Amino acid sequence: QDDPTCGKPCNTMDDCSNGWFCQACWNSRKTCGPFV
């Protein structure tokens with residue numbers, strides 16, 4: 001369980017197109033987060 005993208009700040013869905021779990025830039029706080 002790596003998903004280093006998690007917690008990574010961004011404004012587009014391109015800064016989270018790598019993580020296995022947190023593959024979402026998360027516009028909720030502009031900080032990459034896990035999905036559901």
# chains A, B, ... in the order shown; residues from 1 in each chain; ligands from 1

call {"tool": "residues_around", "arguments": {"residues": "residue 25 (chain A)", "least_positions_apart": "6", "cutoff": "8 Å", "atoms": "only C-alpha atoms", "output": "PDB file with N, CA, C and O atoms, in the first residue's frame"}}
result
ATOM      1  N   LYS A   8      -1.055  14.805  -1.797  1.00  0.00           N
ATOM      2  CA  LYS A   8      -0.390  15.661  -2.772  1.00  0.00           C
ATOM      3  C   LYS A   8      -1.339  16.733  -3.294  1.00  0.00           C
ATOM      4  O   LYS A   8      -2.411  16.440  -3.827  1.00  0.00           O
ATOM      5  N   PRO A   9      -0.941  18.003  -3.141  1.00  0.00           N
ATOM      6  CA  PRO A   9      -1.743  19.145  -3.594  1.00  0.00           C
ATOM      7  C   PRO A   9      -1.804  19.244  -5.115  1.00  0.00           C
ATOM      8  O   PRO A   9      -0.821  18.969  -5.805  1.00  0.00           O
ATOM      9  N   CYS A  10      -2.961  19.639  -5.631  1.00  0.00           N
ATOM     10  CA  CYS A  10      -3.152  19.775  -7.071  1.00  0.00           C
ATOM     11  C   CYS A  10      -4.479  20.459  -7.382  1.00  0.00           C
ATOM     12  O   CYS A  10      -5.319  20.639  -6.502  1.00  0.00           O
ATOM     13  N   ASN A  11      -4.662  20.838  -8.643  1.00  0.00           N
ATOM     14  CA  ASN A  11      -5.888  21.504  -9.072  1.00  0.00           C
ATOM     15  C   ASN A  11      -6.489  20.803 -10.288  1.00  0.00           C
ATOM     16  O   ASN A  11      -7.548  21.193 -10.782  1.00  0.00           O
ATOM     17  N   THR A  12      -5.807  19.768 -10.764  1.00  0.00           N
ATOM     18  CA  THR A  12      -6.273  19.013 -11.921  1.00  0.00           C
ATOM     19  C   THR A  12      -6.233  17.513 -11.654  1.00  0.00           C
ATOM     20  O   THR A  12      -5.575  17.059 -10.718  1.00  0.00           O
ATOM     21  N   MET A  13      -6.940  16.750 -12.480  1.00  0.00           N
ATOM     22  CA  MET A  13      -6.982  15.300 -12.333  1.00  0.00           C
ATOM     23  C   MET A  13      -5.780  14.649 -13.006  1.00  0.00           C
ATOM     24  O   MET A  13      -5.831  13.481 -13.397  1.00  0.00           O
ATOM     25  N   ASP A  14      -4.699  15.411 -13.142  1.00  0.00           N
ATOM     26  CA  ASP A  14      -3.483  14.906 -13.768  1.00  0.00           C
ATOM     27  C   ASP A  14      -2.388  14.685 -12.731  1.00  0.00           C
ATOM     28  O   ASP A  14      -1.426  13.958 -12.974  1.00  0.00           O
ATOM     29  N   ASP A  15      -2.541  15.320 -11.572  1.00  0.00           N
ATOM     30  CA  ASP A  15      -1.565  15.191 -10.496  1.00  0.00           C
ATOM     31  C   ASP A  15      -1.935  14.046  -9.560  1.00  0.00           C
ATOM     32  O   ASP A  15      -1.431  13.958  -8.441  1.00  0.00           O
ATOM     33  N   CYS A  16      -2.820  13.170 -10.026  1.00  0.00           N
ATOM     34  CA  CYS A  16      -3.259  12.030  -9.230  1.00  0.00           C
ATOM     35  C   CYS A  16      -3.516  10.815 -10.118  1.00  0.00           C
ATOM     36  O   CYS A  16      -4.149   9.848  -9.692  1.00  0.00           O
ATOM     37  N   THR A  31      -6.304  18.402  -2.385  1.00  0.00           N
ATOM     38  CA  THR A  31      -5.284  17.461  -1.941  1.00  0.00           C
ATOM     39  C   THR A  31      -5.671  16.027  -2.286  1.00  0.00           C
ATOM     40  O   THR A  31      -6.681  15.513  -1.802  1.00  0.00           O
ATOM     41  N   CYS A  32      -4.863  15.385  -3.123  1.00  0.00           N
ATOM     42  CA  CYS A  32      -5.121  14.011  -3.532  1.00  0.00           C
ATOM     43  C   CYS A  32      -5.682  13.193  -2.371  1.00  0.00           C
ATOM     44  O   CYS A  32      -5.254  13.346  -1.228  1.00  0.00           O
ATOM     45  N   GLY A  33      -6.643  12.326  -2.676  1.00  0.00           N
ATOM     46  CA  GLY A  33      -7.246  11.497  -1.648  1.00  0.00           C
ATOM     47  C   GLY A  33      -7.742  10.171  -2.189  1.00  0.00           C
ATOM     48  O   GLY A  33      -7.798   9.952  -3.400  1.00  0.00           O
TER      49      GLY A  33
END

call {"tool": "select_by_dssp", "arguments": {"residues": "chain A", "states": "strand (DSSP E or B)", "output": "PyMOL selection string"}}
result
chain A and resi 9+24+31+33

call {"tool": "residues_around", "arguments": {"residues": "residue 34 (chain A)", "least_positions_apart": "3", "cutoff": "12 Å", "atoms": "only C-alpha atoms", "output": "NGL selection string"}}
result
:A and (1-8 or 16 or 19-28 or 31)
